[PDB]
>>> print(open('query_17.pdb').read())   # PDB, C-alpha atoms and all ligand atoms
ATOM      1  CA  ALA O   1      78.926 109.098  63.189  1.00  0.00           C
ATOM      2  CA  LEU O   2      82.384 110.507  64.068  1.00  0.00           C
ATOM      3  CA  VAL O   3      83.870 113.593  62.424  1.00  0.00           C
ATOM      4  CA  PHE O   4      87.673 113.746  62.336  1.00  0.00           C
ATOM      5  CA  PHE O   5      89.202 117.169  61.781  1.00  0.00           C
ATOM      6  CA  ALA O   6      92.192 117.648  59.460  1.00  0.00           C
ATOM      7  CA  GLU O   7      94.088 120.448  57.742  1.00  0.00           C
ATOM      8  CA  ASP O   8      93.752 120.354  53.963  1.00  0.00           C
ATOM      9  CA  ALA O   9      94.862 125.620  53.764  1.00  0.00           C
ATOM     10  CA  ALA O  10      91.526 124.977  55.568  1.00  0.00           C
ATOM     11  CA  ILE O  11      90.291 122.694  58.335  1.00  0.00           C
ATOM     12  CA  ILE O  12      87.895 120.033  57.057  1.00  0.00           C
ATOM     13  CA  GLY O  13      85.756 117.357  58.687  1.00  0.00           C
ATOM     14  CA  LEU O  14      85.962 113.696  57.660  1.00  0.00           C
ATOM     15  CA  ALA O  15      82.842 111.893  58.354  1.00  0.00           C
ATOM     16  CA  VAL O  16      82.546 108.294  59.331  1.00  0.00           C
TER      17      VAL O  16
ATOM     18  CA  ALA E   1      98.612 116.279  51.886  1.00  0.00           C
ATOM     19  CA  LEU E   2      96.258 116.150  54.899  1.00  0.00           C
ATOM     20  CA  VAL E   3      97.529 116.902  58.397  1.00  0.00           C
ATOM     21  CA  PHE E   4      95.691 115.149  61.231  1.00  0.00           C
ATOM     22  CA  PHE E   5      96.090 116.699  64.670  1.00  0.00           C
ATOM     23  CA  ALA E   6      96.857 114.587  67.760  1.00  0.00           C
ATOM     24  CA  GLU E   7      97.937 115.088  71.363  1.00  0.00           C
ATOM     25  CA  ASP E   8     101.353 113.555  71.997  1.00  0.00           C
ATOM     26  CA  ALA E   9     101.624 117.156  76.238  1.00  0.00           C
ATOM     27  CA  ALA E  10     101.767 119.014  72.862  1.00  0.00           C
ATOM     28  CA  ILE E  11      99.591 118.966  69.749  1.00  0.00           C
ATOM     29  CA  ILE E  12     101.356 117.444  66.729  1.00  0.00           C
ATOM     30  CA  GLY E  13     100.497 117.056  63.047  1.00  0.00           C
ATOM     31  CA  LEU E  14     100.434 113.723  61.206  1.00  0.00           C
ATOM     32  CA  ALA E  15     101.140 114.102  57.627  1.00  0.00           C
ATOM     33  CA  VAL E  16      99.395 112.070  54.994  1.00  0.00           C
TER      34      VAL E  16
ATOM     35  CA  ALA R   1     100.299 107.120  73.283  1.00  0.00           C
ATOM     36  CA  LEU R   2      98.525 109.549  70.917  1.00  0.00           C
ATOM     37  CA  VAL R   3      95.042 110.974  71.484  1.00  0.00           C
ATOM     38  CA  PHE R   4      93.095 111.751  68.309  1.00  0.00           C
ATOM     39  CA  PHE R   5      90.231 114.217  68.624  1.00  0.00           C
ATOM     40  CA  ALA R   6      86.836 113.604  66.991  1.00  0.00           C
ATOM     41  CA  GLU R   7      83.333 115.060  67.133  1.00  0.00           C
ATOM     42  CA  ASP R   8      80.943 112.355  68.336  1.00  0.00           C
ATOM     43  CA  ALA R   9      77.501 116.364  69.899  1.00  0.00           C
ATOM     44  CA  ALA R  10      80.807 116.629  71.851  1.00  0.00           C
ATOM     45  CA  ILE R  11      84.520 116.429  71.076  1.00  0.00           C
ATOM     46  CA  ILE R  12      86.036 113.163  72.327  1.00  0.00           C
ATOM     47  CA  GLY R  13      89.595 111.857  72.560  1.00  0.00           C
ATOM     48  CA  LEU R  14      90.594 108.510  71.052  1.00  0.00           C
ATOM     49  CA  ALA R  15      93.455 106.982  72.763  1.00  0.00           C
ATOM     50  CA  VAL R  16      96.020 105.018  70.939  1.00  0.00           C
TER      51      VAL R  16
ATOM     52  CA  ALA S   1      91.451 116.028  49.650  1.00  0.00           C
ATOM     53  CA  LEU S   2      93.153 112.764  48.682  1.00  0.00           C
ATOM     54  CA  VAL S   3      91.637 110.397  46.131  1.00  0.00           C
ATOM     55  CA  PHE S   4      92.802 106.782  46.366  1.00  0.00           C
ATOM     56  CA  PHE S   5      92.268 104.801  43.180  1.00  0.00           C
ATOM     57  CA  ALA S   6      90.996 101.205  43.185  1.00  0.00           C
ATOM     58  CA  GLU S   7      89.715  98.692  40.650  1.00  0.00           C
ATOM     59  CA  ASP S   8      86.109  97.881  41.566  1.00  0.00           C
ATOM     60  CA  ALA S   9      86.358  95.958  36.016  1.00  0.00           C
ATOM     61  CA  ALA S  10      86.441  99.786  36.440  1.00  0.00           C
ATOM     62  CA  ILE S  11      88.608 102.294  38.299  1.00  0.00           C
ATOM     63  CA  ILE S  12      86.965 104.201  41.143  1.00  0.00           C
ATOM     64  CA  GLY S  13      88.256 107.006  43.346  1.00  0.00           C
ATOM     65  CA  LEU S  14      87.951 106.856  47.137  1.00  0.00           C
ATOM     66  CA  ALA S  15      87.668 110.288  48.382  1.00  0.00           C
ATOM     67  CA  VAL S  16      89.161 111.538  51.545  1.00  0.00           C
TER      68      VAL S  16
ATOM     69  CA  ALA B   1      86.196  93.042  46.013  1.00  0.00           C
ATOM     70  CA  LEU B   2      88.484  96.083  45.508  1.00  0.00           C
ATOM     71  CA  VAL B   3      92.044  95.969  44.174  1.00  0.00           C
ATOM     72  CA  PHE B   4      94.340  98.721  45.469  1.00  0.00           C
ATOM     73  CA  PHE B   5      97.507  99.448  43.516  1.00  0.00           C
ATOM     74  CA  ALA B   6     101.028  99.970  44.872  1.00  0.00           C
ATOM     75  CA  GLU B   7     104.563 100.142  43.502  1.00  0.00           C
ATOM     76  CA  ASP B   8     106.700  97.401  45.036  1.00  0.00           C
ATOM     77  CA  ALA B   9     110.043  97.759  40.977  1.00  0.00           C
ATOM     78  CA  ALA B  10     106.608  96.558  39.717  1.00  0.00           C
ATOM     79  CA  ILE B  11     102.978  97.561  40.194  1.00  0.00           C
ATOM     80  CA  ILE B  12     101.087  95.120  42.420  1.00  0.00           C
ATOM     81  CA  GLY B  13      97.420  94.725  43.308  1.00  0.00           C
ATOM     82  CA  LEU B  14      96.143  94.438  46.881  1.00  0.00           C
ATOM     83  CA  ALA B  15      92.949  92.644  47.030  1.00  0.00           C
ATOM     84  CA  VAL B  16      90.199  93.265  49.460  1.00  0.00           C
TER      85      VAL B  16
ATOM     86  CA  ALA X   1     108.921  99.720  51.038  1.00  0.00           C
ATOM     87  CA  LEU X   2     105.582 100.167  49.206  1.00  0.00           C
ATOM     88  CA  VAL X   3     104.530 103.318  47.355  1.00  0.00           C
ATOM     89  CA  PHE X   4     100.784 103.928  47.056  1.00  0.00           C
ATOM     90  CA  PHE X   5      99.760 106.416  44.371  1.00  0.00           C
ATOM     91  CA  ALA X   6      96.954 108.867  45.195  1.00  0.00           C
ATOM     92  CA  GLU X   7      95.623 112.126  43.778  1.00  0.00           C
ATOM     93  CA  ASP X   8      96.465 114.979  46.161  1.00  0.00           C
ATOM     94  CA  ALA X   9      95.700 118.318  42.137  1.00  0.00           C
ATOM     95  CA  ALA X  10      98.674 115.976  41.411  1.00  0.00           C
ATOM     96  CA  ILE X  11      99.369 112.248  41.589  1.00  0.00           C
ATOM     97  CA  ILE X  12     101.716 111.656  44.528  1.00  0.00           C
ATOM     98  CA  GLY X  13     103.342 108.615  46.121  1.00  0.00           C
ATOM     99  CA  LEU X  14     102.744 107.675  49.762  1.00  0.00           C
ATOM    100  CA  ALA X  15     105.665 105.808  50.965  1.00  0.00           C
ATOM    101  CA  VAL X  16     105.469 103.043  53.446  1.00  0.00           C
TER     102      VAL X  16
ATOM    103  CA  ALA H   1     105.536  93.291  50.379  1.00  0.00           C
ATOM    104  CA  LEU H   2     105.806  94.194  54.093  1.00  0.00           C
ATOM    105  CA  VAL H   3     105.144  91.756  56.930  1.00  0.00           C
ATOM    106  CA  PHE H   4     103.698  93.092  60.184  1.00  0.00           C
ATOM    107  CA  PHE H   5     104.206  90.959  63.294  1.00  0.00           C
ATOM    108  CA  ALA H   6     101.232  90.662  65.683  1.00  0.00           C
ATOM    109  CA  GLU H   7     100.214  88.316  68.499  1.00  0.00           C
ATOM    110  CA  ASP H   8      97.267  86.130  67.494  1.00  0.00           C
ATOM    111  CA  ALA H   9      98.589  82.565  71.151  1.00  0.00           C
ATOM    112  CA  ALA H  10     101.628  83.095  68.845  1.00  0.00           C
ATOM    113  CA  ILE H  11     103.355  85.963  67.033  1.00  0.00           C
ATOM    114  CA  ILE H  12     102.385  85.771  63.355  1.00  0.00           C
ATOM    115  CA  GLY H  13     103.223  87.725  60.210  1.00  0.00           C
ATOM    116  CA  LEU H  14     100.538  89.726  58.402  1.00  0.00           C
ATOM    117  CA  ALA H  15     101.469  90.093  54.876  1.00  0.00           C
ATOM    118  CA  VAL H  16     100.870  93.153  52.858  1.00  0.00           C
TER     119      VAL H  16
ATOM    120  CA  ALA T   1     105.173 109.307  68.443  1.00  0.00           C
ATOM    121  CA  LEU T   2     104.673 105.545  67.995  1.00  0.00           C
ATOM    122  CA  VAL T   3     107.013 103.357  65.965  1.00  0.00           C
ATOM    123  CA  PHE T   4     105.450 100.241  64.435  1.00  0.00           C
ATOM    124  CA  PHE T   5     107.789  97.496  63.287  1.00  0.00           C
ATOM    125  CA  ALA T   6     107.640  95.749  59.916  1.00  0.00           C
ATOM    126  CA  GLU T   7     109.718  93.260  57.972  1.00  0.00           C
ATOM    127  CA  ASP T   8     110.988  94.601  54.649  1.00  0.00           C
ATOM    128  CA  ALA T   9     115.143  91.346  54.858  1.00  0.00           C
ATOM    129  CA  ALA T  10     115.337  94.210  57.407  1.00  0.00           C
ATOM    130  CA  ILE T  11     113.164  95.097  60.388  1.00  0.00           C
ATOM    131  CA  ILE T  12     112.153  98.728  59.891  1.00  0.00           C
ATOM    132  CA  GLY T  13     110.248 101.286  61.937  1.00  0.00           C
ATOM    133  CA  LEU T  14     107.144 103.094  60.683  1.00  0.00           C
ATOM    134  CA  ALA T  15     106.800 106.213  62.572  1.00  0.00           C
ATOM    135  CA  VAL T  16     103.607 107.797  63.607  1.00  0.00           C
TER     136      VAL T  16
ATOM    137  CA  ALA G   1      92.035  89.302  69.357  1.00  0.00           C
ATOM    138  CA  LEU G   2      95.224  90.579  67.693  1.00  0.00           C
ATOM    139  CA  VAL G   3      97.870  92.450  69.671  1.00  0.00           C
ATOM    140  CA  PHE G   4      99.940  94.859  67.582  1.00  0.00           C
ATOM    141  CA  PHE G   5     103.293  95.962  68.953  1.00  0.00           C
ATOM    142  CA  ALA G   6     104.780  99.471  68.910  1.00  0.00           C
ATOM    143  CA  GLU G   7     107.613 101.360  70.570  1.00  0.00           C
ATOM    144  CA  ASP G   8     106.222 104.213  72.666  1.00  0.00           C
ATOM    145  CA  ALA G   9     110.569 104.352  75.608  1.00  0.00           C
ATOM    146  CA  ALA G  10     108.821 100.935  75.929  1.00  0.00           C
ATOM    147  CA  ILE G  11     107.290  98.305  73.673  1.00  0.00           C
ATOM    148  CA  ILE G  12     103.509  98.406  74.074  1.00  0.00           C
ATOM    149  CA  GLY G  13     100.767  96.042  72.915  1.00  0.00           C
ATOM    150  CA  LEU G  14      97.666  97.424  71.194  1.00  0.00           C
ATOM    151  CA  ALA G  15      94.783  95.165  71.468  1.00  0.00           C
ATOM    152  CA  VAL G  16      92.318  94.579  68.731  1.00  0.00           C
TER     153      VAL G  16
ATOM    154  CA  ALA L   1      92.733  85.738  62.992  1.00  0.00           C
ATOM    155  CA  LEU L   2      89.681  88.064  62.905  1.00  0.00           C
ATOM    156  CA  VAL L   3      87.038  87.939  60.175  1.00  0.00           C
ATOM    157  CA  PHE L   4      85.304  91.226  59.362  1.00  0.00           C
ATOM    158  CA  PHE L   5      82.008  91.008  57.503  1.00  0.00           C
ATOM    159  CA  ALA L   6      81.013  93.162  54.512  1.00  0.00           C
ATOM    160  CA  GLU L   7      78.337  93.317  51.824  1.00  0.00           C
ATOM    161  CA  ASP L   8      80.002  92.796  48.443  1.00  0.00           C
ATOM    162  CA  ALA L   9      75.027  91.084  46.579  1.00  0.00           C
ATOM    163  CA  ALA L  10      76.404  88.633  49.206  1.00  0.00           C
ATOM    164  CA  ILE L  11      77.926  89.021  52.661  1.00  0.00           C
ATOM    165  CA  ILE L  12      81.618  88.065  52.677  1.00  0.00           C
ATOM    166  CA  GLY L  13      84.344  87.652  55.289  1.00  0.00           C
ATOM    167  CA  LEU L  14      87.631  89.568  55.366  1.00  0.00           C
ATOM    168  CA  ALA L  15      90.309  87.779  57.113  1.00  0.00           C
ATOM    169  CA  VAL L  16      93.006  89.324  59.167  1.00  0.00           C
TER     170      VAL L  16
ATOM    171  CA  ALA N   1      81.981  98.953  46.529  1.00  0.00           C
ATOM    172  CA  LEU N   2      81.950  97.136  49.898  1.00  0.00           C
ATOM    173  CA  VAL N   3      79.512  98.033  52.675  1.00  0.00           C
ATOM    174  CA  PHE N   4      80.743  97.436  56.228  1.00  0.00           C
ATOM    175  CA  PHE N   5      78.057  97.232  58.888  1.00  0.00           C
ATOM    176  CA  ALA N   6      78.584  98.991  62.237  1.00  0.00           C
ATOM    177  CA  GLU N   7      76.517  99.967  65.271  1.00  0.00           C
ATOM    178  CA  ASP N   8      76.160 103.736  65.689  1.00  0.00           C
ATOM    179  CA  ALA N   9      71.749 102.775  68.593  1.00  0.00           C
ATOM    180  CA  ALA N  10      71.216 101.741  64.920  1.00  0.00           C
ATOM    181  CA  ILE N  11      73.059  99.507  62.472  1.00  0.00           C
ATOM    182  CA  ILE N  12      74.460 101.520  59.556  1.00  0.00           C
ATOM    183  CA  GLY N  13      76.368 100.762  56.368  1.00  0.00           C
ATOM    184  CA  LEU N  14      79.793 102.275  55.689  1.00  0.00           C
ATOM    185  CA  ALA N  15      80.374 102.417  52.072  1.00  0.00           C
ATOM    186  CA  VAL N  16      83.703 101.942  50.408  1.00  0.00           C
TER     187      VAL N  16
ATOM    188  CA  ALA Y   1      80.957 105.899  69.084  1.00  0.00           C
ATOM    189  CA  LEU Y   2      81.005 103.137  66.428  1.00  0.00           C
ATOM    190  CA  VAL Y   3      81.109  99.405  67.141  1.00  0.00           C
ATOM    191  CA  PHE Y   4      82.481  97.252  64.325  1.00  0.00           C
ATOM    192  CA  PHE Y   5      81.603  93.571  64.510  1.00  0.00           C
ATOM    193  CA  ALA Y   6      84.096  90.781  63.793  1.00  0.00           C
ATOM    194  CA  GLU Y   7      84.326  87.023  64.213  1.00  0.00           C
ATOM    195  CA  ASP Y   8      86.990  86.004  66.724  1.00  0.00           C
ATOM    196  CA  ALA Y   9      84.273  81.470  67.575  1.00  0.00           C
ATOM    197  CA  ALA Y  10      82.183  84.357  69.018  1.00  0.00           C
ATOM    198  CA  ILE Y  11      81.229  87.686  67.474  1.00  0.00           C
ATOM    199  CA  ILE Y  12      83.035  90.585  69.162  1.00  0.00           C
ATOM    200  CA  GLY Y  13      82.588  94.357  69.083  1.00  0.00           C
ATOM    201  CA  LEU Y  14      85.386  96.844  68.398  1.00  0.00           C
ATOM    202  CA  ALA Y  15      84.666 100.100  69.919  1.00  0.00           C
ATOM    203  CA  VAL Y  16      85.594 103.394  68.487  1.00  0.00           C
TER     204      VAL Y  16
HETATM  205 CL    CL V 101     103.922 118.091  64.616  1.00  0.00          CL
HETATM  206 CL    CL V 102      78.760 105.404  53.825  1.00  0.00          CL
HETATM  207 NA    NA V 103     101.410 116.473  47.702  1.00  0.00          NA
HETATM  208 NA    NA V 104     103.696 120.378  68.774  1.00  0.00          NA
END
>>> encode(input="query_17.pdb", output="structure tokens", more="lines below")
Ligand SMILES: [Cl-]
Ligand SMILES: [Cl-]
Ligand code: NA
Ligand code: NA
Amino acid sequence: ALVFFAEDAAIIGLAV
Amino acid sequence: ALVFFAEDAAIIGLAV
Amino acid sequence: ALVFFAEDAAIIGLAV
Amino acid sequence: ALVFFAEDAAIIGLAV
Amino acid sequence: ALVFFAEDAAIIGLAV
Amino acid sequence: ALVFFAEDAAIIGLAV
Amino acid sequence: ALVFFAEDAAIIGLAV
Amino acid sequence: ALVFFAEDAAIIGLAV
Amino acid sequence: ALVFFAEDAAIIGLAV
Amino acid sequence: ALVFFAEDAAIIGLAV
Amino acid sequence: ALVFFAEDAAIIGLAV
Amino acid sequence: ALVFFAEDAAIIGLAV
């Protein structure tokens, strides 16, 4: 799967 | 809101 | 075009 | 994180 | 299927 | 335009 | 609702 | 950034 | 496949 | 138009 | 919820 | 990367 990084602050990974 | 990073070069933030 | 970065491991660029 | 709401009847949250 | 809601005003459903 | 409502917490509108 | 125009050939509207 | 076009009528740009 | 258009300037076609 | 498949159980088509 | 199938190789289900 | 399948008729793969 792919993990997209994003700022939510903290950096999080969005897994797909 | 989340900020996705992308190369446009410079790094920019895409606000959602 | 924009290049999104994602962890696939190694970091890859997704061109759009 | 964002939570999108959707009727699946019943309301569910789609977490991102 | 899922029904997403949006304000178009009136609330509408987007079916998927 | 459309406004999607999501929980960001607080309920916010994403305008498109 | 919004209509997106895309080539499918002919250029058609995708309704949302 | 990219600008996608959509029919709202007017033809608008959705900027990304 | 669908070809989405966007202004990048020049109009570009994104193939899907 | 494209048809994406998804398990909704039965397998259905999502038309775009 | 819908389950999209995708090749990651193995076939996996993406749940929404 | 992920490959989504779709009917375009032949079945095609969308690479990501
Ligand atoms: Cl920026
Ligand atoms: Cl899943
Ligand atoms: Na907010
Ligand atoms: Na920048």
>>> residues_near_ligand(input="query_17.pdb", ligand="ligand NA 103 (chain V)", cutoff="6 Å", atoms="only C-alpha atoms and all ligand atoms", output="list in words")
residues 1 of chain E; 8 and 12 of chain X
>>> write_last_selection(input="query_17.pdb", atoms="C-alpha atoms", output="PDB file, in the coordinates of the input")
ATOM      1  CA  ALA E   1      98.612 116.279  51.886  1.00  0.00           C
TER       2      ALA E   1
ATOM      3  CA  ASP X   8      96.465 114.979  46.161  1.00  0.00           C
ATOM      4  CA  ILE X  12     101.716 111.656  44.528  1.00  0.00           C
TER       5      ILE X  12
END
>>> atom_distance(input="query_17.pdb", atom1="CA of residue 16 (chain G)", atom2="CA of residue 15 (chain T)")
19.6 Å
>>> residues_around(input="query_17.pdb", residues="residue 7 (chain R)", least_positions_apart="5", cutoff="7 Å", atoms="all atoms listed in the file", output="mmCIF file with C-alpha atoms, keeping the file's coordinate frame")
data_model
loop_
_atom_site.group_PDB
_atom_site.id
_atom_site.type_symbol
_atom_site.label_atom_id
_atom_site.label_comp_id
_atom_site.auth_asym_id
_atom_site.auth_seq_id
_atom_site.Cartn_x
_atom_site.Cartn_y
_atom_site.Cartn_z
ATOM 1 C CA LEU O 2 82.384 110.507 64.068
ATOM 2 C CA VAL O 3 83.870 113.593 62.424
ATOM 3 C CA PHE O 4 87.673 113.746 62.336
ATOM 4 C CA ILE R 12 86.036 113.163 72.327
#
>>> atom_distance(input="query_17.pdb", atom1="CA of residue 5 (chain E)", atom2="CA of residue 5 (chain O)")
7.5 Å
>>> residues_near_ligand(input="query_17.pdb", ligand="ligand CL 101 (chain V)", cutoff="7 Å", atoms="all atoms listed in the file", output="PyMOL selection string")
chain E and resi 11-14
>>> atom_distance(input="query_17.pdb", atom1="CA of residue 6 (chain E)", atom2="atom NA of ligand NA 104 (chain V)")
9.0 Å
